[PDB]
Amino acid sequence: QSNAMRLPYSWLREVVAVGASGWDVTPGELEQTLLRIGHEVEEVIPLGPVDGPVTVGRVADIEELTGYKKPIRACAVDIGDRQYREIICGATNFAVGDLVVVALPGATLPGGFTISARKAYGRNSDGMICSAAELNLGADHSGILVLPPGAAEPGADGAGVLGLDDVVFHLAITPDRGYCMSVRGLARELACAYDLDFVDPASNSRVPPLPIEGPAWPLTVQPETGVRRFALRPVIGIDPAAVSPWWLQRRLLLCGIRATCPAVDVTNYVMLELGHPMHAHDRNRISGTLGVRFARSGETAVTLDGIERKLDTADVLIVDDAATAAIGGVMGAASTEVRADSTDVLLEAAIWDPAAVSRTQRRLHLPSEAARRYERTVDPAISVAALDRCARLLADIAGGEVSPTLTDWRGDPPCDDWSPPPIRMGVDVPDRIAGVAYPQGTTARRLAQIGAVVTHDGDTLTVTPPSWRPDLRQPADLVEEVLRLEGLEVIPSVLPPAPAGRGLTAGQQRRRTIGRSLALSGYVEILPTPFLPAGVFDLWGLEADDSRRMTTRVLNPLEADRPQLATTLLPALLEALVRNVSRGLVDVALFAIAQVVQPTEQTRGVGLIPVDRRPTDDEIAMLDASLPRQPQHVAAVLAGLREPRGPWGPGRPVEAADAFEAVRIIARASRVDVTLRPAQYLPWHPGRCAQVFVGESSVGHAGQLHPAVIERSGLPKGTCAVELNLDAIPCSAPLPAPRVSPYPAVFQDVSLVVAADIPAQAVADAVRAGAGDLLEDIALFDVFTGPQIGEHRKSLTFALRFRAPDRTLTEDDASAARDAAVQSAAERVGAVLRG
Amino acid sequence: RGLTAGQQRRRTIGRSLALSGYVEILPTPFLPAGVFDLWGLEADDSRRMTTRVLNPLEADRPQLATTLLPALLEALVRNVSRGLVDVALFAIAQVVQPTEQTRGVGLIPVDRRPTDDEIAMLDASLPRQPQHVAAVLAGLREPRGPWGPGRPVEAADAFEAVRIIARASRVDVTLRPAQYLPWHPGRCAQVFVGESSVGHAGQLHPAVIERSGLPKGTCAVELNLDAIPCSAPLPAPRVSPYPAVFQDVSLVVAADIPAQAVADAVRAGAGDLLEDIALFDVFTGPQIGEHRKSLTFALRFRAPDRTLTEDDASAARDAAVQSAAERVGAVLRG
Amino acid sequence: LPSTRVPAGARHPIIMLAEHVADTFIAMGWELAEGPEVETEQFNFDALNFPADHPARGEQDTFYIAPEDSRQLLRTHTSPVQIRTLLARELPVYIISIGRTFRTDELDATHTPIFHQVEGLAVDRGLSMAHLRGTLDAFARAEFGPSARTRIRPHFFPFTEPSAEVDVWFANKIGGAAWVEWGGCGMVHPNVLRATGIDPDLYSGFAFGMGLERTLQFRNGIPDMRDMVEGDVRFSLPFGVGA
Amino acid sequence: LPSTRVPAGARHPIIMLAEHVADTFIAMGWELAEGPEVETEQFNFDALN
RNA sequence: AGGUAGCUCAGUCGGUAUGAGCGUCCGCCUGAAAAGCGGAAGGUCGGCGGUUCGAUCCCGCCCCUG
Ligand SMILES: N[C@@H](Cc1ccccc1)C(=O)O
Ligand SMILES: [Mg+2]
Ligand SMILES: [Mg+2]
Ligand SMILES: [Mg+2]
Ligand SMILES: [Mg+2]
Ligand SMILES: [Mg+2]
Ligand SMILES: [Mg+2]
Ligand SMILES: [Mg+2]
Ligand SMILES: [Mg+2]
Ligand SMILES: [Mg+2]
Ligand SMILES: [Mg+2]
Ligand SMILES: [Mg+2]
Ligand SMILES: [Mg+2]
C-alpha cells in the first residue's frame, strides 16, 4: 500500500499540543475531523486492552531445559519488590536481565484470554512473557517482546509503560497530499481544522541550526538527473552497542517500522516526523568523491539485499570511485550500509525527481517508504533541518559527536526560494464556486493556515503557496483548500435548470426495443466478457486467415491464456450457456447487446498530444482512426427445449428456425425488412445456416451450430445461434398509410411443384409478383415430398387472400389473378401447377 | 420527475401484449344496443347500471360502457366479417361506473378557488372511471405453416394473457374457478392478487357466442388495472452453484382437485431444497380409476452449500408427498 | 393449470438499473452520451489531467493493450466520455454516460474486473458546487426514494478540483439506515476545460461517477457480485422481463 | 421458410404517437397529467371562463 | 505427494487397462415418468520428448491442485 500512513495518536497530540497546550480529542471525533478535511481513515486501532496483573519484569535466570526438540527454557522473573515468579517460555530472543512483559494469573489479554496457573513441562508455569502480537502492540509474534534497557523498573504497570491507552490511526493519503505522509503534515492539518496555533516541528525555533564550517565530503552532481537538493553531515564515533530508547522504538513500531540499529532508527523516525526520507551511510566504507549520474547502458548494481539489477539509462544513482552506492531515492546498496561494525556515519538528505523515482522503482519492482514519498514530492526547504535533527538525535542516543562540517548542493543556480510561483485569484472566487457567501476574510485566513503568504490588492489576492505544497498551482487549487477547511456540508443543494433536452437517440431507443422484444420472447440477457476463451477459434476450426482471428490483445490479463479481446459475441454467450447447462438448467435462451473489438491495419498507437490546448481536428481524427473498430453487435444462443413440456404436450426442442425467428424479432424491433439466404460460415452448420441481409448489405448469420464445433466445444447437441451487426442495420423512421379495403375478400389456395432446392421464399416472391395488387396476403402452409410428387421435387401450397379496393371481387377476377401468379412462378422458378 | 409508475405500467402492458400477438384497438364508450340482454345478464347485475348520454349519435346506443368487452367484441366481429378470422385484440381504457353517489353539482363561483369540500364534491359526484385492460381472441392462436396445422384459441390462452399482464405489472396472480357471465361457467377463472379480485378470463359462454354472432370458441379477459397494486420489488436471488438433483413424483387425486392446489402442497412439504417444480403430465384412465386423475411433477432439488445427495433429496420428496396427502388427499402412484 | 408455453425471459438487472438511471436524467432535460470501451491513453488519462510517471496514474488498475508502446487500453472509467462530449458538442453541456469499465481486480463477492459506471457532466456559465449537490440529491431520491440524502466530503481526482466522494443515506437499508459510499464527484478541472478549448474564466462545471454493480449490491442486498456477471438465468429471471 | 409461430401484434398508432409526444416533453423536464373522460361542467366549461 | 472412461476414484513397478460408483445409452417396470433392478457402450493412463524392438510403468522438461 503506497499511500498508507500509520502513526500513534499520542505522537500527533504531542506535536499539536506544542502550539496549543492541553489539546486532546476523542478518537471518534478525530476520525470525523480527518474525514471532513479529506483524509480517509481506513482503520482506527486502539492498543490493548489489558486488565489485571500485567506488569514489566526482569528475568533473573534461564535454566535451559534440554532433551526436547524445541529450545524450551525456564525463567525466573522479578515483578518488583524482589518477589520472584516462575514462568516457562519457548522464545529464545532474550538473555538474563532483559526487560519483558509478564502476565500473572488473573490477568486478561486481548482478546478474551485469561491467564491462569497451569502445569506445563517439568516446572510450574503460573504466567507467561508476552510478545508484541499477544499484547495488541505490534505485528511480530516470532519472538517475545523485550524492552530496551532502562524502559521501566520491574513492577511498573504494563498498560502505562507500553502506552496501551494509545490509539493508532491508519490513513490513506491521496496522491496530491504527499506532505501529509508525516506527522508534520498531519499535525499541520489538524491545527487548520481546529483553528489552532501551530509550531512547525521542522522549524529552526526548536533548536538552533548546527554549524557549517566547510564541506563534509567531495561531491559532484550531474545536472540532468533532476535532483533539487543534496545534503551531507557526518557523525563520528558512535557506540555500536547502544540501542534506541523505548519512546523511539515504540513510536517506530506503531508506525509499521521495525527497529534495527540506532543509526537507521533515527533516519526512519525523522522521516516519519518531518516527511523527509533519510538514509544513513557508513563513512568508513566510502571511498573517494561521491557522484550523482545516470547509469550506463548495462551497468548492473547490487542492493543491500544482494540482488543485482540491470539499470537503465534513465536511472539516477550515486556512485563513488569504487562501485555504485545507491539507486537515487529507491534503495541503498551494501557498500555504504551501516552495520554493528560501523562507527562513523555520513547522513544524506536528498530530494530526487519524483518522475525519475517513479519510473525506476516501478521498473525495478520495489517500492519503499522513501520512494513513496519521493514519488509524491518532498519539501526541499527542510533538507538540512531534518539533517541537523537527525544528526543531533543520533549523537544523543549512540553517544557520538556531531561533526561541524556540512555539504549542501542547491543545483547549478543556488536556489534560495523553494516556493512555487505566486497565484492571482479573486477574493470571492471560492464563494462563487461553492455557492456559499463565506464571512469576510475567510479565504485569506484559510490560505494562511496552510502556509501561504497572501497580499490583498483590491479584490485580487496574491497567494504564494509554501514549499511543501507544490500541488497549489492554480486558483482552483486554492479554492479546494478554502472549501475543505470550511466544510463541504455548508454547501447548499440547488437543482440547476437544464435546457430542453432532446431525449434518447434513435440508436439508444432501438437498443431498448431489441432488449424488450428478446426478453419477452424468452431470452435472458447476459453481460458478455470481452476476453475470449482459450483456443476458441481452433475449437471452431476457423481458417488461419479468418478475420475473426485478428484480435486485439491485452498485455496483463487476469488469466494468462485469455488475453485476446472478443471479435464476436458468440464465445462469451456459449460460455454462459455451458455454465447454465452444467448447473442443471438445460433449456436456455440467452442474448447479449454489446460491442466487439475488431482491429485493422490502421489500428496503432498515437503519441501524446499536448493538453495545454484543444487538439486539432486532424488530431481528433487521428485518435479515432487509430482505435480498433468497435461496432455494436446483438447475438443469441439456444439449447434444449425452446417450448417446455406441460399439460399441453411434450414441448418442442430448439431448431434452427428458432434462430431464424430471433433474427425476425430483431428485424421487427428495428423496423427493417430482412432476407435470409443460404450460406456456409463457421461455426454454423453448412446446411442450416442463413446469412441475413438488409437490402443487399449482409448484417449477420443465424441457424444451428456445426456438429463438429458442438462436440469439440462441449456444447449441447443442436445448439443454435444468431449474431448480427447492429451498426450495419440502417435506422428507419417509416410513416405508414395502410390501405384498408372494407370489401369482401376471395380465398384461394395454389399448390406448386418445384425442384427440392428452390427456396420457398423465391416461389412466394414469384407468386406475389404475378398476382398484382389484388393479392392482400400469401401464406405457405404445406411443404410436401413423396412418390406422388416425384424424385428431387417438392410441393408447396400457399393460401392466397385477394381483395379489391373499390368493389366486391368476383371469383373470376380472383382466378385471373391466381392464374397470373402461377404463370409468374412458372417463368421465374419453374413451378408446375400440382395435378 | 418523468413518468409515474402507473403511466410506465400502462406502456409495459401494451408492449407485452403487442409482442404476444395482440393488436390494440381504441374502444368506443357507447355500448352496443341490448348487449347485456344478449349476454343474458341478471336484472341486478352491476354492469347494467350505466351512465346515459342524452344526445347520442345513434339513438339506440346512449349507454356508456361499464366494461371493455362489448367494444372489443364489436371490433372482433368487424375483423372476422372482413375475412380476418384469426384475431387477438386488446384495449387499455377507462370504463364508466356510476353509483348512488353519482349526481350533478350546481355551479360553484369561479371568482375564487373552490374550497376543498367543493373539490371533493365535484370528484365524488362523477361516476367511477377506473382503468381496465381487456382482450379477446378467436380463431387460430398459432397460425398454420410448414411446422404444422396451427393451434386454435383455447381458454388457456386467455389465462396466459392474464399472466402476461401480471408479469408486466410485477405482481403474483392466482386463478380460481368461478361462474360469471358472459364466460363459460366451466372455463372461467376469477383473477386474484392476494385476496383481492381483479377480473376474469377464459372462454365465453356458448349461448352468448351464438346470440351475439361471435366466432365459436371466442375467449376473453378483463382486468381492473386500478385494483392491481403497484409493486417496486428489489430482488436478491439465491444462486447456488452446487449440483441439482432431479426427481419426478406422480400423484393421484380426485379429478376436481385443482392442479395448483396439489403443487402448492408439494412445495410446502419439500422445504427450501426445492428449487423448481413443474407439472408435465395430467392423466386419466382405467389404470387410475374413476373420478381420479394422475399428476406428475418434475422436481429439481438443490442445496445452498453442498452437493445434495440422492437420500437428502428423497427425504425432501417424501416430505412433499406427505404434505400433498394431508392437504389434497394425494396418493402416490403405484 | 400452467399456461405459459413461451416462458418469459429477462433483460439484465444492471441494464435495467442503467435504464432507470438514464430515464431519471432525461426527465431533467439531460442527454445520453457514449464512448468506446477500448480507449486511447490520451482521453482516458492525459486529457483528464492525469500526471505521467506518477502513482496517481501508474498505480491505476489498468488493462494495457499490446504492443507496449501502443498507449491503448481498456478504459478504467467512463470519464473519457467527458473529453469526447466536450469535443463533439457545443456548450452548454448536460449529459450522462453509462457503459462498461475495466479494472484489474479479481472477481469475488465485492469486486468484478468488468463493471458498469454512470458518468455525469454539466458544463455551463455559473455552475457551482451547489448545483452539483442539487443533482446528486435528485439522483439519490430517484434511485433510493424520497428519504434519500447525500453526503459530500473532500477527496482527490486528477480531473476535478475540488474533488469529493459521495455518500448516500436511504431508509430500509442493510443494517438500518446508514451512510454508504456511492461514488466520486467534483468541479471539472480547468485543465480539462483547456484541453477541450473551453475558457475556464467563462465556463465552469461539475462531474460525477457511480458504479452500477456496487449500487445494485447495497441497494438490493446482493451478497455475491459473481451472480451479477456469470449469466446464470436464476439470477436474472426474478427481476422480471424488463419491458 | 417462414418461422414466425407467434405473429407480432401492434400497439395502436395513435397510442404510439401519444408516446412519442409524451417522451418529447418529458425530455424537456415536463410531466404528464391526467383527468377523467366523464367530466363536470364546472371544469369543462365554467372554470375555463 | 498425485494426474487413470464424460465426471468422481482403486489398480497395473517394460511386452493382452484388473476394475468399480455415478453418468450415458439400451431392455424389464409405467399410459408415460421418477425410483429401482438387469445389461451394454465407455479408457494415445497429464503435454512434450528421449531410453527401448516395444512405454500408463523407467529418465528430462513443463502444465495442473494441497
Ligand atoms: N472517474 C471516477 C469517478 C469520478 C467521475 C467524475 C468526477 C469525479 C470522480 C472513477 O471511475 O472512480
Ligand atoms: Mg474512498
Ligand atoms: Mg487540490
Ligand atoms: Mg374461393
Ligand atoms: Mg369458395
Ligand atoms: Mg435422480
Ligand atoms: Mg438418477
Ligand atoms: Mg497500473
Ligand atoms: Mg498397491
Ligand atoms: Mg469396469
Ligand atoms: Mg466393465
Ligand atoms: Mg445400452
Ligand atoms: Mg472416448
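- Its PDB header names X-ray crystallography as the technique used to obtain the model and reports a resolution of 2.5000 Å.

Some remarks on the interface of chain A and chain D
Here is step 1 of the chain: Across the boundary between the two partners, chain A contributes 14 residues, which contact nine residues of chain D.
Here is step 2 of the chain: Across the chain A/chain D interface, buried area totals approximately 830 Å², and carbon plus sulfur atoms make up 54% of it.
Here is step 3 of the chain: Looking only at chain A, the three residues that lose the most surface to chain D are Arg-652, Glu-661 and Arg-668 of chain A, adding up to 35% of its buried area.
Here is step 4 of the chain: Connecting chain A to chain D are zero salt bridges.

Description of the domain arrangement of chain B
Here is step 1 of the chain: On domain assignment, one finds that chain B holds domain 1 (5-227) and domain 2 (244-332).
Here is step 2 of the chain: Its C-alpha centre places domain 1 of chain B at a distance of 37 Å from the equivalent point of domain 2 of chain B.

Comments concerning helix α17 (residues 656-670) of chain A
Residues and elements named next belong to chain A.
Here is step 1 of the chain: Under the 1.5 Å per step criterion, the end-to-end length of α17 is 21 Å for 15 residues, consistent within 8% with the ideal 21 Å.
Here is step 2 of the chain: For α17, the complete set of buried residues consists of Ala-656, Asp-658, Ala-659, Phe-660, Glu-661, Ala-662, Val-663, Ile-665, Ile-666, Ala-667, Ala-669 and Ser-670.
Here is step 3 of the chain: Of the residues flanking the start of α17, the one acting as N-cap is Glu-655, its side-chain oxygen 3.2 Å from the backbone nitrogen of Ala-657.
Here is step 4 of the chain: Just past α17, the residue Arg-671 takes up positive phi, approximately 55 degrees.

Things to note about the site of ligand 1
Residue and element names in this part refer to chain C.
Here is step 1 of the chain: As a structural note, the neighbourhood of ligand 1 is formed by 14 residues, with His-77, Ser-79, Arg-103, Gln-117 and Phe-159 the closest of them.
Here is step 2 of the chain: Within the side chain of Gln-117, a nitrogen or oxygen atom sits 2.8 Å from an oxygen atom of ligand 1.
Here is step 3 of the chain: Sorting the residues of the shell around ligand 1 by element identifies β6 (114-124), β9 (179-188) and β10 (204-211) as the ones contributing at least two each.
Here is step 4 of the chain: In terms of residue class, the shell around ligand 1 is made up of five nonpolar, seven polar and two charged.

Details of a nonpolar patch on the surface
Here is step 1 of the chain: A contiguous nonpolar surface patch, about 590 Å² in accessible area, is contributed by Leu-26 of chain B together with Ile-14, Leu-17, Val-21, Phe-25 and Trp-30 of chain D.
Here is step 2 of the chain: Turning to its location among the elements, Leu-26 of chain B is positioned in the loop between β1 (23-24) and α2 (35-38).
Here is step 3 of the chain: What makes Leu-26 of chain B partly exposed here is its relative accessible area of 45%.

Some words on the side chain of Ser-3 of chain C
Here is step 1 of the chain: Tracing the backbone through its elements, the reader meets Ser-3 of chain C in the segment before α1 (13-26).
Here is step 2 of the chain: On the basis of relative accessible area, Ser-3 of chain C is assigned to the buried category, the value being 7%.
Here is step 3 of the chain: Side-chain polar atoms of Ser-3 of chain C contact the side chain of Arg-163 of chain B, separated by 2.7 Å.
Here is step 4 of the chain: Discounting chain neighbours no more than four positions away, the residues touching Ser-3 of chain C are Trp-648 of chain A together with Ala-156, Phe-159, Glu-160 and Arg-163 of chain B.

Structural notes on the packing of aromatic side chains
Here is step 1 of the chain: Counted by the stated rule, this structure contains 29 aromatic pairs over all chains.
Here is step 2 of the chain: Ring geometry for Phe-36 of chain B and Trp-39 of chain B: centres 5.7 Å apart, planes at 65 degrees, overall edge-to-face.
Here is step 3 of the chain: The exposure class of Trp-39 of chain B is buried, given its relative accessible area of 2%.
Here is step 4 of the chain: Considering the side-chain rings of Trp-30 of chain C and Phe-206 of chain C, the 6.4 Å spacing of their centres and the 40 degrees angle between planes classify their relative orientation as tilted. Residue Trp-30 of chain C is found in the loop between α1 and β1 (31-33), and its partner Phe-206 of chain C is found in strand β10; the two are separated by 176 residues along the sequence. Across the pair, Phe-206 of chain C and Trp-30 of chain C agree in class, each one buried.
Here is step 5 of the chain: Against the face of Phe-781 of chain A rests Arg-144 of chain B, its NZ or CZ located 3.5 Å from the ring centre.
Here is step 6 of the chain: Between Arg-149 of chain C and the ring centre of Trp-169 of chain C, over which it is positioned, the NZ or CZ distance is 4.9 Å.

Observations regarding the interface of chain A and chain C
Here is step 1 of the chain: Each side of the interface is counted separately: chain A has 101 residues, and chain C has 104 residues.
Here is step 2 of the chain: In this assembly, chain A packs against chain C so that about 8200 Å² is buried in total across both faces, 59% of it on carbon and sulfur atoms.
Here is step 3 of the chain: Viewed at the interface, chain C and chain A are joined by eleven salt bridges.
Here is step 4 of the chain: A salt bridge links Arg-512 of chain A to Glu-19 of chain C; its shortest N-O distance comes to 3.6 Å.
Here is step 5 of the chain: Joining chain A to chain C, the criterion identifies 43 residue pairs in polar contact.
Here is step 6 of the chain: Element by element, the count of residues in the side of chain A that touches chain C is highest for helix α13 (residues 506-520) of chain A, at seven residues.
Here is step 7 of the chain: Here the side of chain A that touches chain C is composed, by residue class, of 53 nonpolar, 23 polar and 25 charged.

The rules we used
- Residues numbered from 1 in each chain as written, not as in the entry; some residues may be left out.
- Chains lettered and ligands numbered in written order.
- Part of a larger assembly, values for the part shown.
- Heavy atoms only, no water.
- Residues with missing side-chain atoms left out of burial classes, pairs and counts.
- Contact = heavy atoms within 4.5 Å.
- Buried area = accessible area lost by both parts, 1.4 Å probe.
- Salt bridge = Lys/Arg side-chain N within 4 Å of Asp/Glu carboxyl O.
- Domains from an automatic or database assignment.
- Helix = DSSP H or I, 4+ residues; strand = E, 2+ residues; numbered from the N terminus.
- Expected span 1.5 Å × (residues − 1).
- Buried < 20%, exposed > 50% of the residue type's maximum accessible area, 1.4 Å probe, protein only.
- Polar contact = N/O pair within 3.5 Å; in protein donor to acceptor, adjacent residues only side chain to side chain.
- Near = heavy atom within 4 Å.
- Nonpolar A, V, L, I, M, F, W, Y, C, P; charged D, E, K, R; others polar.
- Patch = residues over 30% accessible without salt bridge, like charges linked within 9 Å, V, L, I, M, F, W, Y side chains within 5 Å.
- Areas by Shrake-Rupley, 256 points an atom, 1.4 Å probe, with all protein chains shown as cover.
- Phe/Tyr/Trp six-rings, centres within 6.5 Å; stacked < 30°, edge-to-face > 60°.
- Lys NZ or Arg CZ within 6 Å of the ring centre and 35° of its normal.

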